[PDB]
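J.: experimental structure and sequence below, a few questions after.
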Amino acid sequence: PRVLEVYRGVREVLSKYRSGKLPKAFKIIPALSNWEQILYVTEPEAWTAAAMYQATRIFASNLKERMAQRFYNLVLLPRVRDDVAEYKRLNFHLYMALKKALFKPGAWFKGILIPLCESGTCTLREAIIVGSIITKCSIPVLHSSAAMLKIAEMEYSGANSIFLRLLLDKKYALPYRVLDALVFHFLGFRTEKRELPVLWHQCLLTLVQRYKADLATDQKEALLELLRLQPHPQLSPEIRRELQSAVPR
Amino acid sequence: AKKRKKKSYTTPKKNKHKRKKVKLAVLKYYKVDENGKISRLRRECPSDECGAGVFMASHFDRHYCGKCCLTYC
Amino acid sequence: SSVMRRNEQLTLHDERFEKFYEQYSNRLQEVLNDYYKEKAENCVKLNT
Amino acid sequence: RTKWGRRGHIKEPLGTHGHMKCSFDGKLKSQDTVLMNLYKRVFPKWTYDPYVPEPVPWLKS
RNA sequence: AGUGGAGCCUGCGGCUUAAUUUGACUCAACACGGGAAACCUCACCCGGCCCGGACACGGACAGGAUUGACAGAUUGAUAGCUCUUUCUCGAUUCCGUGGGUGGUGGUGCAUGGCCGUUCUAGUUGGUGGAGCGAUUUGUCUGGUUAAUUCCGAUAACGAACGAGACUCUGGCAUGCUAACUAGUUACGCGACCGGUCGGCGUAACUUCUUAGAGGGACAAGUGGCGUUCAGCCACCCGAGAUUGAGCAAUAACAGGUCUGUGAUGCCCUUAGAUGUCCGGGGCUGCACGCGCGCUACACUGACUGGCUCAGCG
Ligand SMILES: [Zn+2]
């Protein structure tokens, strides 16, 4: 009716947005009942990068973790993948949006990180750009470990182990079941004939560099079996060094 | 390679604007009687979702809730 | 669930994994009229 | 002159702040540093006194 | 036919200016960046807010760290990135000090894929022969060709690569295949003075239009010149006797190109390898040179009315 004329107007605002106070109709989108119909009129694919940051800034604050997750999954995350493929580097506002998306870590992990690695088509460049934001923003220990467990159980790709390393790089105290998944993750390549990248060894390095205190003799010697079958001229002696100078409990 | 010198220069960004810390704002909401009766000073918001607990701000003339953006006279 | 485990000493937190993997109008008309009110005040063409 | 060996001289000043266009013999690296040398003649301080105090016996610290 | 002379427009110098962003300077410098710049483009200038990692140390927080926020008042801006309002939001921490082990970095090399530049006719083996060897022969007396082309001679014989060849295109068809988004002719009805009608309605099938197949030119034929051969010149008939393009996927590049990998080498990261945005300017500024253009300098013209014809798109 008349509401369709209001949002078709703001469609032409958000497509040419750069700065300033947004129209008040846009700021009350997650308060609506039929919000997904409204969002399609505004045309999220035709939006400017600057608009995308303030769009994310709205959804992260207005509660509802389930409503927040589905915005990232349908609008935000495709746009990130669209620009890394096109411009090869990410836009500033689009980057700033992702840091603002971490105000709800539950909706972040279930909407951005986990769906990205599950697709399989995730490139190395895509992984580092998003993964650096994990290093910048502090994440709750419960949510940090929960994302870490999924990636450990997940199918292996080059992009996948980058995230896993950066989560261990945070150096939080870990739940014990997560450690069991991480050991089982790396020991899954013990019989593998495939040539493993350097980023894989660095992930195994960071695991032993920090969490050598929480490794029992059973899994500790299972790791020494892993390096004996899948070696590296540079990094494998360092992991061998870190295991031999480890004090348990 | 030929190393760059690195210059000094001091400009103070130590002075930066931070909003004022209001200490213990819970006592302003309720006035407790000597017997044990609870009296609410501020208007409680009767919105869709933010009911029973969320108060409205006391403007010089009107009332304003801080979650749903409800305004009065 | 794995084989080789924690073995010895301390269990501080139990951890909740069963939420992550196990997952997968009057006011509107007021804002609408406020939008047109603003889109009129941007170009005045009248006042003295 | 230039750390990577280029010999140039200033052309125009542009900004109200200290910005200048500068000609060079070759193309400069981005990793480079431009630098000019200024010279003045310096003469010593007149601090002559023939009197010098007697030192105590020298030792190692 | 001009330009160079004139006015104007634009380019490059130069000159100004806060800025008048910019590589190239006798072809490949010179309306090249598709560059017709009010904004964006914009790289340039004058201003103004905003925040700028991880790490270690010292401080604050559940007696809220912090986020988000209606209206009003501020400066060049509807700045919740300030105050009245402090109302919500529950750790998603931020307040000072630093020391190297900073990465949406920059550049250099090893290596993995892919371009452009000069002419446009050559380039390069293999095997054999000649020389101690550098080297030579092949790659040549002669004629001939755009040509290491061809005839042919022969201590050479054979190749590969490109040019050539391949493909398209255009010229030609009153032969053929068709065309309700092409057109004609004839026939009806109508309008007009036996004719004119881009008026309207289906029997004629391709002349025009289209888009396909098949033809058609091969030095075919004749004459002259030619070691009587390779070839060259002239001429009849013919639409065409010497169409133009791509392919064709060379030689030299020490010009290289690109989100490929190297726990790659260095340099930088409150000196952000152009930080995002906000407002206003500048790119046009003008004594002058050097230049491409447009309009002109009239009578073969200008003005005025009338008349009638395209094609790429
Ligand atoms: Zn509210």
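T.: Yep, that arrived. Numbers count the residues shown, from 1 in each chain, chains lettered A, B, ... in the order given.
J.: okay, CA-based contacts and neighbour counts for the rest of this
T.: OK.
J.: show me the residue sitting in the middle of chain B in space.
T.: Central residue of chain B (C-alpha atoms, centre = their mean): residue B:22, 8.0 Å from the mean position.
J.: mind telling me what element it is part of?
T.: In the assignment (DSSP states H and E), residue B:22 maps to no helix and no strand.
J.: same question for residue D:22.
T.: Using DSSP H and E, the element containing residue D:22 is strand D:20-23.
J.: so for that strand, what gets flagged as buried?
T.: Going by neighbour count (16 or more other C-alpha atoms under 10 Å in any protein chain shown), nothing in strand D:20-23 comes out as buried.
J.: in its sheet, what does that strand sit against?
T.: Strand pairing for strand D:20-23, using DSSP bridges, gives strand D:9-13 (antiparallel).
J.: identify all contacting residues around the partner strand.
T.: D:1, D:19, D:20, D:21, D:22, D:23, D:24 (C-alpha atoms under 8 Å, 6 or more residues apart in numbering or on different chains).
J.: ok, which of those residues also contact the ion?
T.: Among the contacts of strand D:9-13, no residue lies close to the ion (C-alpha under 5 Å from the ion).
J.: tell me which element residue 58 is part of?
T.: All of this is about chain A. Here residue A:58, judged by DSSP H and E, is contained in helix A:49-61.
J.: do that helix and the ion meet?
T.: No - judged by C-alpha under 5 Å from the ion, helix A:49-61 stays clear of the ion, getting no closer than 12.2 Å.
J.: wait, does that helix contact chain B?
T.: No - looking at helix A:49-61 against chain B by C-alpha under 8 Å from any C-alpha of the partner chain, there are no contacts, and the closest approach is 10.2 Å.
J.: packing partners for the helix or strand just after that helix?
T.: Next in sequence after helix A:49-61, counting helices and strands by DSSP H and E, comes helix A:65-71. The contact analysis (3 or more C-alpha pairs under 8 Å, 6 or more residues apart in numbering or on different chains; DSSP states H and E) places helix A:65-71 against helix A:49-61, helix A:105-108.
J.: 6 Å instead?
T.: The elements that helix A:65-71 packs onto, with contact taken as 3 or more C-alpha pairs under 6 Å, 6 or more residues apart in numbering or on different chains; DSSP states H and E, are helix A:105-108.
J.: how about the one residue in chain D that gets nearest to chain B, nearest residue that isn't a chain neighbour?
T.: The nearest approach of chain D to chain B comes at residue D:3, 6.4 Å away (C-alpha to the nearest C-alpha). With sequence-adjacent residues excluded and distances taken as C-alpha to C-alpha, 6 or more residues apart in numbering or on different chains, residue D:3 is closest to residue D:33, at 5.8 Å.
J.: give me phi/psi at the most centrally placed residue in chain A?
T.: For chain A, the residue sitting closest to the mean C-alpha position, by C-alpha atoms, centre = their mean, is residue A:113 at 3.1 Å. Dihedral pair for residue A:113: phi -70, psi -60, per degrees, to the nearest 10.
J.: from residue A:102, how far off is it?
T.: Taking C-alpha to C-alpha, to the nearest Å as the measure, residue A:113 falls 11 Å from residue A:102.
J.: now swap in residue A:214 and tell me
T.: In terms of C-alpha to C-alpha, residue A:214 sits 29 Å off from residue A:102.
J.: and residue 6, what helix or strand is that in?
T.: You didn't say which chain, so I picked chain A. helix A:3-14.
J.: actually, chain D is the one I wanted.
T.: Using DSSP H and E, no helix or strand contains residue D:6.
J.: run a quick neighbour tally on it.
T.: The number of residues packed near residue D:6 is 15, by other C-alpha atoms under 10 Å in any protein chain shown.
J.: that one and residue B:57, how far apart?
T.: 68 Å.
J.: next: residue A:191.
T.: According to C-alpha to C-alpha, residue A:191 stands 66 Å off from residue B:57.
J.: pick out the residue of chain C closest to the ion.
T.: Nearest residue of chain C to the ion, counting by C-alpha to the ion: residue C:27, 12.1 Å away.
J.: now do the phi/psi pair for that residue.
T.: phi -70, psi -30.
J.: tell me which parts of chain C are close to RNA strand E?
T.: Neighbours of RNA strand E within chain C, by C-alpha under 7 Å from any atom of the strand: C:35, C:38.
J.: helix or strand: which one has the residue in chain C that RNA strand E sits nearest to?
T.: Among the residues of chain C, residue C:38 lies closest to RNA strand E, at 5.7 Å counting by C-alpha to the nearest atom of the strand. If you go by DSSP H and E, residue C:38 is part of helix C:26-41.
J.: now do the buried residues in that helix.
T.: So, applying 16+ other C-alpha under 10 Å, buried residues of helix C:26-41: C:31, C:32.
J.: ok, now stretch D:7-21?
T.: In terms of neighbour count (16+ other C-alpha under 10 Å), stretch D:7-21 has its buried residues at residue D:8.
J.: ok, it near RNA strand E or not?
T.: Yes - legend: contact between stretch D:7-21 and RNA strand E by C-alpha under 7 Å from any atom of the strand is shown at D:12, D:13, D:14, D:15, D:16, D:17, D:19.
J.: tell me the contacts of the last one?
T.: The neighbours of residue D:19, taking C-alpha atoms under 6 Å, 6 or more residues apart in numbering or on different chains as the test, are residue D:13.
J.: closest to residue A:236 out of the contacts of strand D:9-13?
T.: Nearest to residue A:236 among the contacts of strand D:9-13, counting by C-alpha to C-alpha, is residue D:1 at 48.4 Å.
J.: isn't the closest one up against residue D:22?
T.: No - with contacts counted by C-alpha atoms under 6 Å, residue D:1 stays clear of residue D:22, the gap being 10.7 Å.
J.: quick one: residue C:4 and chain B, what's the gap?
T.: 48 Å (C-alpha to the nearest C-alpha, to the nearest Å).
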